[PDB]
Protein chains: 2
Amino acid sequence: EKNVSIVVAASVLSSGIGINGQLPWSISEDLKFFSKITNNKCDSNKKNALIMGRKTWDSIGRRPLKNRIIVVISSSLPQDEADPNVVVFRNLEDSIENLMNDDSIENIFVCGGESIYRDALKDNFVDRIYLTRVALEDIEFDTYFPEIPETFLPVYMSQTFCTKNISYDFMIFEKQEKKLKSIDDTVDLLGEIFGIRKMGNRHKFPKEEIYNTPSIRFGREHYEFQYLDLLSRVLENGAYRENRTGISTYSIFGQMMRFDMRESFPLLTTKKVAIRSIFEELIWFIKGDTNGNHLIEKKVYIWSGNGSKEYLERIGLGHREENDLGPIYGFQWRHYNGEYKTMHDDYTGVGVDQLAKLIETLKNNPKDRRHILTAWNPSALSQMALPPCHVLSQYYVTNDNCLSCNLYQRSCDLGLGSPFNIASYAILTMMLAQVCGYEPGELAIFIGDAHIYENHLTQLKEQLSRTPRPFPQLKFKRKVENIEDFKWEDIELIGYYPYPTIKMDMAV
Amino acid sequence: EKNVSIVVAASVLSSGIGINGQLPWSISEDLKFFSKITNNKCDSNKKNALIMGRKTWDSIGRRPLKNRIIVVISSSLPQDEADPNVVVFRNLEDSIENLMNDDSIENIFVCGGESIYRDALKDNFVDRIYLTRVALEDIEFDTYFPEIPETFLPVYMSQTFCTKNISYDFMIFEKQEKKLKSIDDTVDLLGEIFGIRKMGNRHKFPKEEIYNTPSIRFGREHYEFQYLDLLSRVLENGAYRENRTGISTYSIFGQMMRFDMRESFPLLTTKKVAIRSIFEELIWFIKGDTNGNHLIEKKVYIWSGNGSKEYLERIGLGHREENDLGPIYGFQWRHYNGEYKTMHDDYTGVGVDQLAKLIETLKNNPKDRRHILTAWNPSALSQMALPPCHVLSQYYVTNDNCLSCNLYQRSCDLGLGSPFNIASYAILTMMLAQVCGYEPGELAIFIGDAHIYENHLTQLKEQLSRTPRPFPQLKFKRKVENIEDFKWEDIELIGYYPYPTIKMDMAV
Ligand SMILES: NC(=O)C1=CN([C@@H]2O[C@H](COP(=O)(O)OP(=O)(O)OC[C@H]3O[C@@H](n4cnc5c(N)ncnc54)[C@H](OP(=O)(O)O)[C@@H]3O)[C@@H](O)[C@H]2O)C=CC1
Ligand SMILES: NC(=O)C1=CN([C@@H]2O[C@H](COP(=O)(O)OP(=O)(O)OC[C@H]3O[C@@H](n4cnc5c(N)ncnc54)[C@H](OP(=O)(O)O)[C@@H]3O)[C@@H](O)[C@H]2O)C=CC1
Ligand SMILES: CN(Cc1cnc2nc(N)nc(N)c2n1)c1ccc(C(=O)N[C@@H](CCC(=O)O)C(=O)O)cc1
Ligand SMILES: CN(Cc1cnc2nc(N)nc(N)c2n1)c1ccc(C(=O)N[C@@H](CCC(=O)O)C(=O)O)cc1
Ligand SMILES: Nc1nc2[nH]cc(Cc3ccc(C(=O)N[C@H](CCC(=O)O)C(=O)O)cc3)c2c(=O)[nH]1
Ligand SMILES: Nc1nc2[nH]cc(Cc3ccc(C(=O)N[C@H](CCC(=O)O)C(=O)O)cc3)c2c(=O)[nH]1
Ligand SMILES: O=c1[nH]c(=O)n([C@H]2C[C@H](O)[C@@H](COP(=O)(O)O)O2)cc1F
Ligand SMILES: O=c1[nH]c(=O)n([C@H]2C[C@H](O)[C@@H](COP(=O)(O)O)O2)cc1F
């Protein structure tokens, strides 16, 4: 009784693994992953066996792998004993003789194509699966990886990596079996004595029925869980509260999310996020614009709700034009403390150009601690059609010339605003990184009133049922002179294979 | 072979447990803790044995405890078999015949005073310790709890609680024995392939030699660990970087801390924090003052460094008076966007009184999401002697009438500034809570440039060697009409028993 693991690199959707006797891709780090998993052993005087089919044995040049014993499953290969690092068996069942008899073998690994993968799962020989999901689907395949049986459950999902603009994950699947210990009891008993006085009870762990992929307990490395587990945490501890709109929310205070931008782009995969509208809003801010029609003219109606004549007169802005949102994001960025008249006037030169100073400070004094771009100005809050949600952001240049970003958000619509704020400030960091000459780094979002609107409950609960997929890659097609020169055609979204879009109405 | 645990509630320093045949305090929740700990059993048809001395047996009225068998260790009590829930033995060793003979007993608990505690530890009969540390030490004791031997190591430390303004902790100590498994290996191998491309390697777990009380792995509930583990994370991942001063730091980006204020006060115990100077700085901000002499007149020299004539002329403020810090904290609070002349002029009425609007909004509109108090004003940054470190703060009223606080900090001097910012915004939250009529809630601090100055290394490593003690209680002695009426004599610090103060020089 030893371990029998499966190592495979399959496509994210169709689970393709090969085409015309070779791989559909060339990822160097994945092969190194195959090296270390198949070499990882405990006994020095032992070797791991790698089982593969003849067609696969041909694909790897018919040459042995160092420090490993290759087991070829071929119906017509000569069982020659000359090579001690390569042995041939007639069928897969008879080849699993090393478990009980061959004590010189520590672990067993299955990695030999569809015919061996499917036969190893249909006969219940497998104990664990090492799946390398690759974000490639608009190509051709002829050999696929079988559907993972119900007996297996994911226990680990690595962060999204990148090689030649190709995103990929690393997952572990374990087979279900049958059916520190004192610390958990003492914390529970303290939770029974102090009701909500103990802070642990105020932040209860999300229940299994609202935890996204609850089988992955200790291996929640994928940074989309930083958003999906916040949804779960709100569903568990959110207090039903009212607000300025008629749609009440479930709200918790003081939450944070953390995303990687070096090897991926934090665009959610559990729901098709309108990436174009995110950009057009961001470049709208950068340009210094407050005209709400300029987004509607580009078929982006995100600010149409808070920019209706009925809404502005309702909040005391009847003198304002239809979509004159007022000094908001992109007016405190480019013209801070500037006397706001209307959205048609020329504001060139007035105010404090924070973005310009931010860019110039990022390149002249990178290790400066004051790379701050704020939007909360109490003098102009009364003029705003909606006070800023993402109020203040700070930027950081690491020693390896990477640009990280921190953002504080006073109010976070986890249904709609959060998927936008994650991608919006990710693109803004990448934009700042290119103009300043650095690489994208990490993105951390600090949240105050993290909430879910009550009409988003059935929708977001559906989103939590979708096991996430690797983040896509976002690369720019050209280097721009100034930051405002970016256009939608300059962005290339690579490997975005999300779940179907989810409709949720905005609370005006 | 079953488990033998000891349950004790001792004072935090001298470990006193009794005086004149009774307890030195009256904490109801502690007795309820003793109830659930001694009753926690797995078998329905089994009872836990509670061992105690005669003097202790007298202290509890000589009456049995429900669902439990009390074992009295007395040299001259009659071994009466009339009561089946109380049995008497002559010595402690002979009383431990429940391990091998009486299978009707599941667990054994030692809880019978000094004479039984010392004999149970000197003879190595104990397997686990349930310690309830109480923050009372300036009273009299006559019975103490023996010092925990080196064979025991702490594995859990609960959050600081409160009963009648008495702070107390719950800890677990386990005796050392001799000397999921696949997920950790796969993450390690991914760390060998991707160097710093994998985000996990940029946030490596702190090594044991810099982890405060590294024996407490899964039970780091005490929220002083939210600060001590930030020190460890900086020591592990901090990049050596320069700054505006000559003292280089080790800095990491995007960290957060979370403290409880309902049942405790987040004043660090691993170092004697100058609590008075914290208050005088805070009330200085609230009053709207920017005159540095008003703190020096009260023997508070924290802002003396950034207010020397040599420093102001060094940063381009030679025209400024000796300690005229300029529009800083407490001038953007009370007079935001107010044209700052000097520190002697009258600024009453000018600017935007954020604090006044914040107070008025906190009680009139509690579920508002705009309870924000900012200090980052780009128009006046050049006039400031030092840009704001704690830039923006947001406040939140829960459904149970508690006031929580969020704070974003752009730069964090973990040696000096951080212990002050934790207590300063804790006091400010409590002050706002009393004036508005709410109770203190949670305090979350979000940090950008969390760093340690290199001249603080020997000191902070010393601070990490001190296992923390329960937080003290801070209560106000009177209700004030306006928030500015607070005085140092109005604050009462209850149960603060910290480790000796640690001297660290400020980087000017
Ligand atoms: N992405 C990835 O992780 C991997 C991808 N691949 C790719 O998959 C493709 C190859 O897989 P595939 O097409 O399925 O072919 P296989 O690799 O599964 O090899 C099949 C051969 O093995 C022998 N064989 C298989 N099953 C039996 C059996 N039950 N009894 C006796 N002999 C058996 C036969 O050899 P014989 O002719 O002697 O009868 C058969 O032709 C290639 O493109 C390869 O590159 C391969 C491995 C990993
Ligand atoms: N804070 C806490 O968790 C607890 C506090 N306490 C406090 O501690 C105080 C009492 O403890 P303490 O003063 O140490 O007295 P003890 O509770 O330890 O009881 C001592 C008695 O037990 C008997 N005894 C002890 N050792 C032996 C032995 N080796 N052989 C035979 N008999 C023995 C003797 O009884 P005899 O007279 O018959 O010889 C002795 O007088 C009280 O104030 C009590 O409130 C007690 C328990 C818990
Ligand atoms: C059978 N096969 C196809 C193949 C390709 N990619 C995969 N990727 C994964 N995740 N899992 C597999 N089973 C897998 N199999 C192989 C097997 C070994 C090598 C190989 O070259 N291994 C070298 C790797 C060289 C290097 O370090 O990059 C080794 O040392 O083991 C390539 C393809
Ligand atoms: C021996 N002793 C002294 C005493 C007091 N406080 C302690 N506190 C701790 N943490 N540990 C002890 N061993 C301890 N012992 C005792 C024992 C039981 C009760 C007691 O009244 N127990 C009731 C508790 C009643 C209630 O629920 O509040 C029970 O149901 O067990 C009081 C003092
Ligand atoms: N109460 C409230 N006011 C807001 N003002 C501006 C925004 C940002 C915003 C506005 C609209 C959408 C929106 O409806 N977007 C959809 C996609 C919705 C989705 O994520 O499925 C789209 O326009 O394509 C998203 C963010 C916003 C919000 O979320 N909530
Ligand atoms: N570069 C820099 N500038 C600062 N300006 C104001 C502060 C906050 C500050 C300043 C001085 C002290 C200080 O010296 N405090 C000592 C004790 C220091 C301590 O051990 O905590 C005291 O006031 O008694 C503490 C915080 C501060 C800081 O930390 N770093
Ligand atoms: O970028 C945005 N992100 C976001 O989360 N919101 C949502 C948060 C909240 O649901 C609403 C503002 O409501 P309130 O004014 O009460 O904070 O806007 C809006 C944006 F423009
Ligand atoms: O309340 C404070 N908190 C704090 O952390 N600092 C430290 C942080 C940093 O070490 C220094 C400011 O340096 P810089 O202006 O380059 O960010 O002041 C100062 C305060 F007044």
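Tell me the residue from A:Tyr408, A:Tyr438 that is surrounded by 23 or more Cβ atoms within 10 Å (Cβ to Cβ) and among the hydroxyl-bearing types (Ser, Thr, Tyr), please.
A:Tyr408
Among what's in the stretch B:1-21 and is within 23 Å of B:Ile108 (Cα to Cα) and under 20 Å from the mean Cα position of the chain (by Cα), pick the residue that is surrounded by the most Cβ atoms within 10 Å (Cβ to Cβ).
The residue in question is B:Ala9.
Which ones in the stretch B:383-423 are within 15 Å of A:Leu392 (Cβ to Cβ), outside any strand (DSSP E or B) and either among the hydrophobic types (A, V, I, L, M, F, W, C) or in contact with a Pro (Cβ under 8 Å, 6 or more places away or on another chain) (or both)?
Across the stretch B:383-423, the qualifying residue is only B:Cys389.
Can we say A:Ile108 is of a type in the set (A, V, I, L, M, F, W, C) and within 11 Å of another protein chain (Cβ to nearest Cβ)?
No.
Is there any pair with a first residue in the stretch A:151-177 that is over 17 Å from A:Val4 (Cβ atoms) and a second that is buried (at least 24 other Cβ atoms within 10 Å of the Cβ) and among the acidic types (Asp, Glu) whose Cβ atoms are under 7 Å apart and which are 6 or more apart or on different chains, and what are they?
Every condition considered, the pairs that remain are A:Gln159/A:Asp260.
Could you tell me whether the stretch A:22-32 includes any residue that is small (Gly, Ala, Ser), in a helix (DSSP H, G or I), surrounded by 15 or more Cβ atoms within 10 Å (Cβ to Cβ) and under 35 Å from the mean Cα position of the chain (by Cα)?
No.
Right, A:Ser404: more than 16 Å from ligand 4 (Cβ to nearest atom) and closer than 18 Å to A:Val234 by Cα or not?
no
Among the residues of the stretch B:164-184, which ones are surrounded by 13 or more Cβ atoms within 10 Å (Cβ to Cβ) and either more than 32 Å from the chain's Cα centre (by Cα) or of a type in the set (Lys, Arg) (or both)?
B:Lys175, B:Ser182, B:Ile183 - these are the residues of the stretch B:164-184 that are surrounded by 13 or more Cβ atoms within 10 Å (Cβ to Cβ) and either more than 32 Å from the chain's Cα centre (by Cα) or of a type in the set (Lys, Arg) (or both).
Of all residues being within 14 Å of chain A (Cβ to nearest Cβ) and crowded, with 19+ Cβ neighbours inside 10 Å in the stretch B:35-81, which is nearest to the chain's Cα centre (by Cα)? Just the residue, please.
So the residue we want is B:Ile37.
For the stretch A:99-121, what are the residues that are crowded, with 23+ Cβ neighbours inside 10 Å and either charged (D, E, K, R) or at positive phi (or both)?
A:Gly113
Could you list, ordered by first residue, the pairs with Cβ atoms under 7 Å in which the first is in the stretch A:243-265 and more than 15 Å from A:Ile445 (Cβ to Cβ) and within 7 Å of chain B (Cβ to nearest Cβ) and the second is assigned to a loop (DSSP other than H, G, I, E, B) and within 16 Å of ligand 1 (Cβ to nearest atom), at least 6 apart or interchain?
none
Go through (1) in contact with a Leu (Cβ under 6 Å, 6 or more places away or on another chain); (2) not in a helix (DSSP H, G or I) one by one and return the number of the condition A:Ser44 breaks.
For A:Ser44, the exception is condition (1).
Can you tell me how many residues in the stretch A:436-473 are within 28 Å of A:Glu209 (Cα to Cα) and not in a loop (DSSP other than H, G, I, E, B)?
So the count comes out to 20.
Scan the stretch A:346-401 for residues that are on the phi > 0 side of the Ramachandran plot and touching an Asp or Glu at 6+ places or on another chain (Cβ under 7 Å) and jot them down.
If the condition is that a residue be on the phi > 0 side of the Ramachandran plot and touching an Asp or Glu at 6+ places or on another chain (Cβ under 7 Å), then A:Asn401 is the only one that fits.
Of the residues that sit in the stretch B:363-382 and are within 16 Å of B:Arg334 (Cβ to Cβ) and not in a strand (DSSP E or B), which one is nearest to ligand 6 (Cβ to nearest atom)?
Looking at the filtered set, the residue picked out is B:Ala375.
Hey, any hits in the stretch A:424-435 for a residue that's under 22 Å from the mean Cα position of the chain (by Cα), surrounded by fewer than 24 Cβ atoms within 10 Å (Cβ to Cβ), of a type outside the set (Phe, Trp, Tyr) and assigned to a strand (DSSP E or B)?
no
Of all residues in the stretch B:111-128, which are more than 14 Å from chain A (Cβ to nearest Cβ) and within 16 Å of ligand 4 (Cβ to nearest atom)?
Hits for the stretch B:111-128 are B:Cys111, B:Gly112, B:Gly113, B:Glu114, B:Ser115, B:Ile116, B:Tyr117, B:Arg118, B:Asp119, B:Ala120, B:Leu121, B:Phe125.
Test A:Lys299 against the criterion of being among the charged types (D, E, K, R) and under 33 Å from the mean Cα position of the chain (by Cα), and give yes or no.
Yes.
Exactly one condition in (1) surrounded by fewer than 24 Cβ atoms within 10 Å (Cβ to Cβ); (2) within 11 Å of another protein chain (Cβ to nearest Cβ); (3) touching a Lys or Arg at 6+ places or on another chain (Cβ under 9 Å); (4) under 22 Å from A:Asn291 (Cα atoms) is not met by A:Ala385; state its number.
All conditions are met except number (2).
In the stretch B:179-230, what residues are among the acidic types (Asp, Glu) and assigned to a loop (DSSP other than H, G, I, E, B)?
Passing the criteria: B:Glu221, B:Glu224.
Values in this text are rule-based calculations from the coordinates and carry no lab data. Every residue, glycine among them, receives a Cβ derived from its backbone with ideal geometry; neighbour counts consider all protein chains shown.
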